[PDB]
Each structure stands twice: as C-alpha cells, then as structure tokens.
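Structural overview
Listed below, chain by chain, are the residues.
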Amino acid sequence: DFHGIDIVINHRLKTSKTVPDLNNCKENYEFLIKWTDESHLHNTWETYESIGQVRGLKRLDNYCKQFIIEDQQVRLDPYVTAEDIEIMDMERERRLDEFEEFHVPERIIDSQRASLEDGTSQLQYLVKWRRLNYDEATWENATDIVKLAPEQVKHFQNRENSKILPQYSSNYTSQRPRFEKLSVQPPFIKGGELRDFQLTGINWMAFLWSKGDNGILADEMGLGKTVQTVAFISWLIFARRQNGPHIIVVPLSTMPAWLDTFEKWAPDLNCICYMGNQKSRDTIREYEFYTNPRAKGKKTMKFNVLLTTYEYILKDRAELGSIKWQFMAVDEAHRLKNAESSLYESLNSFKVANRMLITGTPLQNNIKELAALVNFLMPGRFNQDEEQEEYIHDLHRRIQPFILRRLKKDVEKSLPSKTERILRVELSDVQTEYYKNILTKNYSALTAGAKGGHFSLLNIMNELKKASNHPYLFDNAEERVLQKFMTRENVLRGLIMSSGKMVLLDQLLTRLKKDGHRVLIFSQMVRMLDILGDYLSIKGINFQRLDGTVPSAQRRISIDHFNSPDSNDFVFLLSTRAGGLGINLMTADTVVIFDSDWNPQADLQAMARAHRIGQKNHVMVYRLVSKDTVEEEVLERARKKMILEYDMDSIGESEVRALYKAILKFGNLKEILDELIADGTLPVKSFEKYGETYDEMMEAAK
Amino acid sequence: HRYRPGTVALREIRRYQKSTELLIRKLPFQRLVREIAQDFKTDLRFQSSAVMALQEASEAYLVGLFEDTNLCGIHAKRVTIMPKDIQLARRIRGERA
Amino acid sequence: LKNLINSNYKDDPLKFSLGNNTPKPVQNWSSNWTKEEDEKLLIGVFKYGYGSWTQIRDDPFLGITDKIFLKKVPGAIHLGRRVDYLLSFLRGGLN
Amino acid sequence: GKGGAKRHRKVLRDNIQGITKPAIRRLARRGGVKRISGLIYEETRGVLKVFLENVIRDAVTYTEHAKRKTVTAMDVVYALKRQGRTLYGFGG
Ligand SMILES: Nc1ncnc2c1ncn2[C@@H]1O[C@H](COP(=O)(O)OP(=O)(O)O)[C@@H](O)[C@H]1O
Ligand code: BEF
C-alpha cells in the first residue's frame with residue numbers, strides 16, 4: 001500500500017576510474033525506478049539522497065553490484081573478447097524489451113467511479129497490459145486511457161453494449177431445427193478464406209451437431225484442424241443462436257496459438273481463458289459473475305468460450321462440474337488412452353450435452369484406447385482368422401460415423417516434398433566395451449560398482465536400447481576414450497569421435513551447412529541435449545534448446561524468433577514428448593533422429609512439427625538406426641505395432657411501464673429492439689409485437 | 001495472538017500433533033534404502049509397502065528418541081536438544097555403547 | 001438533432017458547433033460554463049440518451065468531467081432543463 | 001576455463017545430501033523441543049543409518065533363505081520383532 005521500490009528497469013549516468021564504487025553510482029549514476037503497487041508507466045530516474053530511506057532497498061544495491069562488475073567486464077579489462085561485449089551490452093537491450101511491452105495495454109477489465117480528496121469523483125478503468133497474466137492490473141483514470149490506446153476502449157464499450165450473452169439461446173433441447181448444407185464461406189470469417197477441405201469438415205461437425213451425437217476428428221497432423229473447431233464454434237453461435245458457455249480444454253503448450261487463432265478468425269465473440277494461480281483465481285471470478293453473489297444459478301452471464309490447461313482441470317474439477325456445459329473441445333485428445341484415467345472420469349461429471357475430441361491418435365496400437373474413445377464419447381457402446389470379415393462387418397459399419405479419415409492429398413500440392421533416410425551405424429572402440437561388459441557385472445562392477453545394482457535392468461532392455469548407439473550417459477565414460485591425462489581441440493575431437501552417430505551428424509550437418517538447409521535434432525533424453533549444448537557453441541553455430549523445463553513466456557519468445565524471415569540459427573534441437581508437445585516449425589526443412597522413441601508414431605508427429613502446410617523447402621529426414629544392437633529389434637516390433645492403421649402471449653403492464661420510459665430516453669426505439677432485450681430493459685417477444693405497441697402508444701398520445 | 005516472542009515455537013507443535021502425516025519426505029528415503037541395500041546384496045526388488053513400512057518405523061523411532069532427548073535436555077536447565085543429548089539417551093537404552 | 005449532425009458532422013461527432021446563435025448565459029453556476037460546454041452536452045445525449053448523465057460526464061472524449069455535480073451546480077435536473085430549452089430554440093419551436 | 005561439452009549429473013534422492021533438512025525438523029518439533037543445534041541433526045541421521053542397516057540385514061536374510069527376489073514387508077516385521085520394535089497394523 002506504501003510508495004516503495006518494486007523493481008529495476010533502466011540505468012543511466014547522472015553526471016558530466018578502474019572500478020565504479022557505490023558512491024560513484026550515488027554521485028555519478030541515475031537509475032530508473034519502478035514504484036511498488038503501481039503499473040510500469042510511472043517510472044522515475046532517482047538516486048539515494050533524492051529519496052532517502054524508502055521501504056525496499058535491496059534490488060538496486062545488488063543491481064548496482066551487478067552494474068559495478070559489469071563495468072569492469074566491458075571497458076575495464078583486456079581478457080574480454082569481441083563477443084562478451086556483445087552479450088554484456090545485449091542484456092541492456094533485452095532487459096528493456098521485456099520492460100517495454102508492459103506499457104501497451106491489452107484489455108480493460110471493468111470501470112469504477114471513485115471519489116477523490118478535492119471532493120470530485122473520476123472514472124477509473126482496470127487495465128490489463130501485454131503478455132502478462134491477470135495480476136497487478138491497477139486502476140488508472142480515463143483521461144489518458146483513450147489518449148494512448150483508443151482502440152482498446154472502443155472495443156471495451158463494444159462488448160458491454162453487444163448484448164449477446166448466454167441469456168437468450170434458442171430451446172432446441174427437446175428437438176432440433178432442420179440444418180443446411182453450406183456452399184459459401186460464412187460472413188463471419190474475417191481471417192480470410194479457407195479451402196475445399198475446411199468448410200465441409202465444418203459441415204459434418206455441425207451436421208452431426210443437429211443429430212445429438214458427438215464425433216471424432218481424425219485428420220492429418222495440421223490440416224487446419226484448429227480453424228475447423230473455431231469456425232465450428234462460430235457457426236453454432238450465429239446459426240442456432242447458441243450463447244451456451246462452450247468449454248474448451250487445450251494444451252498449455254498450444255493455447256497462445258489458439259487465442260490468436262480465435263481473435264483473428266472471429267472478432268465478435270470475446271475469448272477469456274484460465275491461466276493463473278492464486279490471485280488470478282479471483283480475477284477470473286470477478287468477470288465470471290455478475291453482481292457479486294447470486295441466488296440460485298442466476299448469473300447474468302459474461303462469457304461463452306474458455307481455454308483450460310490440463311493441470312487446471314484437475315486442480316479445480318468442482319466449480320466447472322456444477323455449471324452446465326453442452327459443448328466440449330479438447331486438443332490432442334490421445335490423452336484418454338487408458339480407461340483408468342483421472343481426467344478420464346473427471347470429464348464425465350461436467351454436465352454435458354455434446355463433446356468434440358480432435359487428434360490424429362492411431363487407434364490400432366491397443367484395442368483399449370479404440371474402445372476407450374468409443375466408451376468416452378458414448379458411455380455404453382462397444383480376431384478370429386475366418387470371422388474377421390464378420391468382425392469388420394460389425395467394426396467398419398459402426399466405427400465410421402464418429403470418425404473422420406482423410407489423407408493429405410490437399411494443400412500439399414504447393415508445399416515442397418517430404419523425405420526420410422535411415423542410417424546404419426556400426427559400433428566403435430569404447431562402445432563394445434560397454435556393449436559387451438555391461439550385459440555382465442565384470443567391469444561394470446569394478447568402476448561404479450555401487451550404482452551397478454539399480455541400473456542393472458535399466459541398462460538391459462530400457463537402456464541398452466537407449467545406451468547402445470551412445471555409451472556417454474553414465475559416469476565412467478568421458479575419460480575412457482580420451483587417451484591423455486587445457487586442450488580444446490582434443491575434447492572436441494574426442495567427443496565427436498566415440499560415436500558412429502556424432503561423426504555422421506557432424507559431416508551431414510556440414511554438408512548441408514554450405515548448401516543451406518535448417519537442421520533439426522530430436523533426442524529422447526534431456527541430457528543429450530546439454531551435451532550438444534556444450535559442443536555446437538564451441539564450434540560457433542547459433543542455436544537455442546527446446547526442453548521440458550521452460551516458462552511459457554520464455555518458450556514463446558524463441559519459437560517466434562526462429563520462424564521470423566531473417567534468423568541466423570539453422571540448428572534447433574527438440575524433445576520427443578516435449579518437442580512434439582505442440583507448436584509448428586514452418587521455416588525448418590531437415591530433421592534428424594538419434595534413436596527411435598521407443599515406439600512407432602512418436603517420431604511421426606516429431607516430424608509433424610517441422611513438416612507442415614507452409615514449408616516451401618521440400619523436407620528431409622534422417623533416422624540413425626544402430627547396427628548389431630538392441631535398437632534393431634524394437635524397430636521391428638515398432639513395425640509390428642503400426643502394421644494396422646485404420647409467441648410469448650401479450651405485453652403486460654410492467655413491460656408497458658418499461659417501454660414508456662425507454663421512449664423518453666431514446667426516442668424512436670424501433671431500430672434498437674434486440675440490444676435492450678439482451679440486457680434488463682425488455683422481455684423476449686417477437687420484433688413486431690413491440691413495434692406496433694410503440695406506434696399506437698403515440699397514436700393514443702396525439 | 002499476544003506478542004511475538006516464542007510465539008510459533010509452541011504453535012507449530014500443536015498443529016503437527018493434530019495431524020498424522022509423514023514428517024520426512026517419501027522420495028529421498030525411497031532411494032536411501034535401495035542404495036545401501038545393494039551393498040549387502042545384488043539384484044534387489046522392493047514391495048511398495050515395504051519402504052512405506054520402514055518410513056513408519058523409522059520416523060516413529062526418531063521421535064521417540066527425541067522425546068527422551070527433550071527430557072535430558074530439560075534436566076540440564078536447557079530447551080535445546082544437543083548432539084550428546086542424543087547419545088546418553090541411546091547409551092542408557094543400550095544400542096549406543 | 002440526430003438528423004442535422006448526421007448530415008454535416010457524420011465522420012466526427014464532436015466538431016459540432018453553435019456559431020452565432022445565442023443560448024442563455026449561465027453566470028452563477030459553480031464551475032466554468034461557456035458555449036463549448038453546451039456543444040458537448042448535446043453531443044453527449046446524441047451519444048448516450050437523455051437522462052443518463054454520469055455516462056456523459058465520465059466520457060474521456062467529452063472533457064466535461066469536473067464541470068458536472070450530480071450547493072454545486074448544475075445537477076441532474078439543471079441539465080434536464082438545459083437540453084429541452086436548446087433543442088426547441090434552434091429549430092424555432094418557441095414561436 | 002572451457003564449456004568442454006560439460007554435462008552435470010549429481011545424486012540427491014537416496015544419498016543423504018539429497019534428503020530434506022526440514023524433513024527432520026518436521027520430526028523434531030513433534031517432540032516439541034524449542035531449539036535445534038546444527039551439529040545435532042547431522043548426528044541424528046547418523047544413528048538412523050545405524051538403525052536402518054541391521055533391519056535390512058535381517059530382511060535381506062529372510063528374503064534369501066526362501067530364494068525370493070521380491071522382498072516382503074513381513075520380512076521387515078520379523079526383523080523389527082527380533083529387536084523388539086514390532087508393528088501392529090501389518091502382516092499377521
Ligand atoms: N484452412 C486454412 N486456411 C487458411 N490458412 C490456414 C488454414 N489452415 C492453417 N492455416 C495457416 O497455417 C498456420 C498453421 O495452421 P495448422 O497447420 O492447422 O496448425 P497446427 O500447427 O496445429 O497444424 C496458421 O498460422 C494459419 O495462418
Ligand atoms: F493441429 Be496443432 F499441432 F495446434
């Protein structure tokens with residue numbers, strides 16, 4: 001509540017030796033201070049004798065400490081190279097980039113008229129700023145709000161005025177309205193035009209929408225699947241007048257995409273998400289209700305669509321369970337694989353009418369999921385050599401409806417070609433030692449014998465597989481192949497050398513390097529990725545890593561930095577589950593596999609992130625299949641796995657009391673009929689019934 | 001809540017008593033055993049409970065220890081459990097020499 | 001009022017002007033009152049409707065915010081009195 | 001003073017560094033002493049180690065007198081029984 005220091009933004013000189021002391025900063029440095037409990041916008045260039053003891057002293061001192069040494073490592077030393085000057089400055093540059101975006105406001109939450117100390121009352125708006133979550137939204141008065149972001153305020157009024165809440169939706173519960181085949185693209189697609197395989201998809205979802213049945217979207221990995229739902233959401237809203245708060249659950253990795261995908265393909269319905277913690281938890285509820293608390297279920301209704309991470313489902317299962325929902329969206333719904341899932345019966349409690357999964361999950365790996373999917377969409381509904389025809393007579397005829405199978409043979413005609421090459425790498429020197437000795441406890445127990453015990457099975461069928469191509473995944477390996485006792489050339493050479501795969505990768509990489517292709521590395525193991533992190537920097541190739549350990553904000557920054565027109569790094573390394581998590585790469589052509597991902601198809605999506613509709617540079621894929629190892633066999637089982645892949649009466653006096661006041665306020669009100677009804681002023685009656693009453697009422701008047 | 005001097009001291013104690021959850025985590029402990037158990041024999045396996053059970057034993061074993069330790073500690077004009085306070089306790093029980 | 005501003009000031013409402021025509025001076029009202037303030041007052045109803053005045057007073061665009069007091073004048077009726085008089089006046093209603 | 005393809009992997013589940021110190025104090029207060037010495041709590045784990053071995057010693061023995069790979073929880077019980085710390089609740 002007090003005026004105290006919150007953070008550091010910017011640092012500059014105040015006044016016209018070897019190391020600046022703190023005094024120098026006090027008598028020769030001015031620092032931009034952001035104040036506590038107050039938006040970014042009011043930042044002051046202040047010193048220490050200027051403010052004196054103010055609550056909060058800690059961050060400036062250290063930051064100055066960081067500053068003092070920083071000064072000794074840019075201008076005040078001759079061990080500094082060319083490149084460190086680039087980073088030490090660079091930080092100044094990026095530290096401000098993450099500070100600039102807070103000044104631009106992004107949404108106005110509410111508007112309160114609060115009194116001042118001069119006896120005046122001024123309007124204030126709860127303002128939300130860019131790429132930040134709902135917390136630290138402070139009140140700012142309206143004087144300059146439109147004076148910097150007119151567009152936000154224009155839109156701020158529009159939603160409040162656009163009476164289209166879940167308050168007027170048509171009763172089609174009992175039975176439906178006959179629905180129509182669309183030819184044309186709906187006058188609700190501002191994002192552009194779609195094609196001849198995105199409007200029909202939509203016409204099936206909406207086509208079994210009117211049946212009372214739910215369906216499975218099973219298309220290829222990225223055939224404008226997201227556009228088909230958003231448009232599916234859009235046409236179920238201005239078609240059958242459904243204001244029904246639609247619930248959508250998507251991955252924490254793939255939502256930011258969705259939002260923009262939702263706010264650019266369909267302006268007029270607003271999209272408020274759920275991605276906070278403790279504080280947010282409250283702000284969601286601020287706008288999730290009207291008029292504070294509410295008897296019964298009499299919430300006036302201020303949203304329709306939401307996006308939920310999978311976490312958050314389970315953390316607050318209860319509140320959603322109570323509120324009614326009749327339409328469901330989920331992203332990459334191969335989650336419901338087993339029928340013992342926690343989200344598997346978590347979803348069943350949410351009073352629901354129609355569902356909508358949309359993933360390319362292959363449905364022959366196990367028959368469990370094939371059944372689980374069928375049991376989940378439709379609770380209740382469900383081999384022999386010569387009965388197989390009898391069997392698919394039952395399975396083909398029944399499964400199809402709630403299924404979609406459609407090949408690329410679309411939009412791929414423009415997109416440059418797809419390709420994948422295997423790699424037979426035979427074993428090395430130090431390699432056999434630990435391919436041979438490890439399958440016993442001979443020299444595996446002499447060196448690291450205490451650990452031998454726990455990894456002994458790990459190493460057999462879930463390591464040898466993983467530690468067959470590369471033995472560098474334990475401790476007593478690094479110096480084993482390096483034959484000497486600081487060297488820089490040798491370490492680089494010693495590490496490239498041990499593996500069949502490291503050399504093969506180093507040369508191909510070089511081979512395309514001079515030709516110009518952007519290369520991708522998908523590794524199964526977290527560490528491999530540091531391993532390379534250590535080597536590629538050394539040999540000077542600009543890169544960034546994509547692990548399982550990164551904040552949403554940080555994940556998002558680089559993904560974009562990469563697909564921008566003029567980005568230097570053609571090397572990008574990714575995960576199997578963390579890599580194929582979600583996202584798309586449109587600049588990339590080449591993708592290389594170190595080891596198969598203990599399974600058929602984790603790779604098939606793994607290449608899906610790079611091989612998408614956009615890519616204009618064909619495609620290239622390399623699989624490093626190890627020889628005379630254990631990699632070979634799974635590769636064969638993997639094959640075994642993927643072998644199959646298949647009127648309201650009349651107007652009463654009180655309304656007549658309602659209509660009369662509205663005329664004194666708005667004059668002729670025949671034009672404004674729906675806006676008033678959406679909000680309190682009018683009951684739902686047909687447009688004419690009011691209009692005639694409006695006219696006779698003056699006719700009586702004259 | 002009165003002032004602040006020795007205010008929590010007795011507070012946490014009470015809340016901990018009403019509860020009945022494991023004092024020590026159930027993840028570090030799990031390996032600690034696996035790791036020594038190897039030194040006395042090879043190729044080991046573990047029942048889910050077996051550890052659960054050890055945790056129970058051990059935790060309970062220590063508390064008990066501390067419980068005396070406390071007394072000893074009191075005897076001494078002190079409210080501080082000490083490195084030895086531990087020893088006497090054990091010595092007189094007899095595992096400690 | 002909806003008709004005249006629509007056919008001369010369409011693209012931008014606020015430029016709306018009185019010119020010569022003279023509507024009464026309001027000397028003793030608590031705050032600065034001058035023809036420009038009336039100019040906005042009318043646009044304000046043109047935008048929000050008669051009788052909602054907090055709407056009008058708060059608007060960032062109008063700039064009327066600390067000249068309204070809904071002992072301090074003019075309050076809600078004072079404006080109510082203000083518009084009926086101006087609207088009739090410029091069409092020639094008081095004939 | 002080099003990146004040198006550096007990879008860092010160190011061990012903190014099982015090993016005593018890894019385990020949590022509050023996990024102990026959590027334990028200390030149930031007894032309800034006011035103060036914890038730094039020296040002391042280190043010793044305490046020390047003893048835990050001493051108690052823990054002997055049991056497993058026996059455990060291991062009963063697992064092995066029967067030629068079994070899976071260690072039974074009963075196996076632990078008898079162990080405790082031998083030192084006179086038998087546990088009700090388990091494995092009648
Ligand atoms: N049917 C479509 N019509 C027009 N543009 C599309 C269509 N589908 C996708 N796009 C464009 O391609 C990009 C990614 O879409 P898509 O490939 O479906 O997402 P994902 O990476 O989930 O597959 C988007 O940025 C979008 O502009
Ligand atoms: F169809 Be996607 F990978 F969001």
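Residues numbered from 1 in each chain as written, not as in the entry; some residues may be left out. Chains lettered and ligands numbered in written order. Part of a larger assembly, values for the part shown. Heavy atoms only, no water. Residues with missing side-chain atoms left out of burial classes, pairs and counts.

As annotated in the PDB entry, chain C carries the name Chromo domain-containing protein 1 and comes from Saccharomyces cerevisiae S288C.

Looking at the PDB entry, one finds chain A named Chromo domain-containing protein 1 and attributed to Saccharomyces cerevisiae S288C.

1. Considering the arrangement of the chains
Contacts are most numerous, across the four pairs of chains in contact, for chains B and D. In this structure chain B stays clear of chain C, and the shortest span between their C-alpha atoms is 46 Å. The two units chain C and chain D are non-contacting; their minimal C-alpha-C-alpha distance is 56 Å. (Contact = heavy atoms within 4.5 Å.)

2. Examining the pairing of strand 4 (residues 105-115) of chain A
Residue and element names in this part refer to chain A. Direction of pairing for strand 4 relative to strand 5 (residues 121-129): antiparallel, over a ladder of eight bridges. The residue bridging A114 from the neighbouring strand is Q122, located in strand 5. From the end of strand 4 to the start of strand 5, which pair antiparallel, there are five residues, and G119 there has a positive phi angle of about 85°. (Pairing = 2+ DSSP bridges. Helix = DSSP H or I, 4+ residues; strand = E, 2+ residues; numbered from the N terminus.)

3. A closer look at the packing of aromatic side chains
Applying the stated rule across the entire model yields 17 aromatic pairs over all chains. For the pair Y125 of chain A and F156 of chain A, a centre-to-centre distance of 5.4 Å together with 50° between the ring planes defines the contact as tilted. Of this pair, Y125 of chain A sits in strand 5 while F156 of chain A sits in helix 6 (residues 150-161), and the two are 31 residues apart along the sequence. Judged by relative accessible area, which is 3%, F156 of chain A ranks as buried. The ring of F376 of chain A has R355 of chain A lying over it, and the distance from NZ or CZ to the ring centre is 4.8 Å. Between the NZ or CZ atom of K21 of chain D and the centre of the ring of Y41 of chain D, over which it lies, the distance is 4.5 Å. (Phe/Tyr/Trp six-rings, centres within 6.5 Å; stacked < 30°, edge-to-face > 60°. Buried < 20%, exposed > 50% of the residue type's maximum accessible area, 1.4 Å probe, protein only. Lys NZ or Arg CZ within 6 Å of the ring centre and 35° of its normal.)

4. Observations regarding the sheet that holds strand 15 (residues 571-574) of chain A
All names here are of chain A. Read from one edge of the open sheet, six strands run 12-17-16-13-15-14, paired in parallel fashion. Bordering the open sheet on either side are strand 12 (421-425) and strand 14 (543-545), each of which pairs with just one other strand. Sheet twist, expressed as the mean angle between neighbouring strand axes with direction ignored, is 20°. With four bridges joining them, strand 16 (residues 590-593) and strand 17 (residues 620-626) adopt parallel strand pairing. By the bridge assignment for strand 17, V591 is matched with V621. (Axes fitted to C-alpha atoms, helices over the stretch in contact; angles between N-to-C directions.)

5. Focus on the environment of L79 of chain C
Residues and elements named next belong to chain C. If you trace the backbone, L79 turns up in helix 4 (residues 76-91). Judged by relative accessible area, which is 5%, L79 ranks as buried. Those residues in contact with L79 that lie beyond four places of it in its chain are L41, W53 and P74.

6. Thoughts on the site of ligand 1
All names here are of chain A. Within the structure, ligand 1 sits among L194, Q198, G222, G224, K225, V227, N584, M586 and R612. The contact in question runs from an oxygen atom of ligand 1 to an N or O atom on the backbone of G224, over 3.2 Å. At 2.5 Å from an oxygen atom of ligand 1 is found a side-chain nitrogen or oxygen belonging to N584. Protein chains bury 60% of the 550 Å² of accessible surface belonging to ligand 1 in isolation. Of the residues contributing to the shell around ligand 1, the split by class is three nonpolar, four polar and two charged. (Near = heavy atom within 4 Å. Polar contact = N/O pair within 3.5 Å; in protein donor to acceptor, adjacent residues only side chain to side chain. Areas by Shrake-Rupley, 256 points an atom, 1.4 Å probe, with all protein chains shown as cover. Nonpolar A, V, L, I, M, F, W, Y, C, P; charged D, E, K, R; others polar.)

7. Section: a nonpolar patch on the surface
Residue and element names in this part refer to chain A. Residues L457, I460 and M461 make up a contiguous nonpolar surface patch of roughly 290 Å² in combined accessible area. Relative to the elements of secondary structure, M461 occurs in helix 16 (residues 449-461). With relative accessibility at 43%, the residue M461 sits in the partly exposed group. (Patch = residues over 30% accessible without salt bridge, like charges linked within 9 Å, V, L, I, M, F, W, Y side chains within 5 Å. Salt bridge = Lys/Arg side-chain N within 4 Å of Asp/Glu carboxyl O.)

8. Looking at the pattern of salt bridges
Under the defined criterion, the tally for this structure stands at 31 salt bridges over all chains. Where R45 of chain B meets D43 of chain B, a salt bridge forms, and the shortest distance between an N and an O atom there is 3.4 Å. Within the structure, one salt-bridge network assembled from shared partners comprises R285, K315, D316 and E319 of chain A.

9. Examining the UniProt feature "binding site: ATP" in chain A
Residue and element names in this part refer to chain A. Per the UniProt annotation, the sites labelled "binding site: ATP" are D219, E220, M221, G222, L223, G224, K225 and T226. If you trace the backbone, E220 turns up in the loop between strand 7 (215-217) and helix 8 (225-235). When its relative accessible area of 12% is taken as the criterion, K225 is described as buried. Residues in contact with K225, not counting those within four places in the same chain, are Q198, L217, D219, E220, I358, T359 and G360. (UniProt positions renumbered as here; feature names shortened; annotations may be inferred.)

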